[PDB]
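The chain that follows stands alone, in the form deposited in one PDB entry, written as structure tokens.
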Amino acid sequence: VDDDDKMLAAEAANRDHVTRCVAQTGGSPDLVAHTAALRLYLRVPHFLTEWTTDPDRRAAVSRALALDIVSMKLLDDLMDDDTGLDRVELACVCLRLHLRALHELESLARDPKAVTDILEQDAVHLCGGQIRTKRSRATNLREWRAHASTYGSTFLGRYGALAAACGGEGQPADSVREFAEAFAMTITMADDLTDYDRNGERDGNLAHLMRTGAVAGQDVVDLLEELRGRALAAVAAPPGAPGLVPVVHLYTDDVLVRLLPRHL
């Protein structure tokens, strides 16, 4: 029973916790499926909870983060209005998952107030940020990383901070967050480079900029190595989360080896 076995059951456990919740509140089969297709969103919680020693607390915190991440994901499909899904169901399942998560995270936290504290602290940064991103599209790598630092980095960093606040002792809150923010930027690029052909995306899309020459391949490569670096350092701060080392390499090499050549 290695680490990959833990990741997979963590992922199955989160998905089921989420689909059960979507269904119990009125979600149509289309919506239930759509949520179970959110693979990485259901898996990331497991990485954020890697510093949590007690396995029972870890599974609980893991699925509570999953409910809220899926929730924000649905609110997003709601603002893009392109999934063909029912807007009432989307809006409602979204509110429900979110409320259940709050309730689950608060009952796991050392101090209940810290959940709202984390969620409020950079709510303007995340929300004004998401707005600016869709308002004015990026045209160079600088503006891209700037935008991505909010809907990707800040977005996962909050779940990192929550993971630490609800994971008991032996949690270097600052590092978990550093890890999350760097890991997120990496995933955002991947997503961007996948979605160019899977979603038909262009405006502000990193792949589009690369293909148009507005962004140089080696810069993208640098950013990727920097992120890898920031992530390795974060999972090395005491107590440490050596489990995440191979994970950081997996997602980074995948963008370098599989995704990038597609655009260069």
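Think of the rigid core as the biggest set of C-alphas that the two forms share within 1.5 Å after superposition. A residue's number is simply how far along the shown sequence it sits, counting from 1.
The protein also exists as the form deposited in another entry; that form is not presented, and the subsequent description refers to it.
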{"query": "Rigid-core fit between the shown form and the other one, the member of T53, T212, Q218, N199 whose C-alpha shifts 2 angstroms or more", "finding": "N199"}
{"query": "Inter-Cα distance between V257 and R198 in that other deposited form, nearer or further [3 Å or more]", "finding": "farther"}
{"query": "Cα-Cα shift for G204 and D192, closer or farther in that other deposited form, minimum 3 Å", "finding": "closer"}
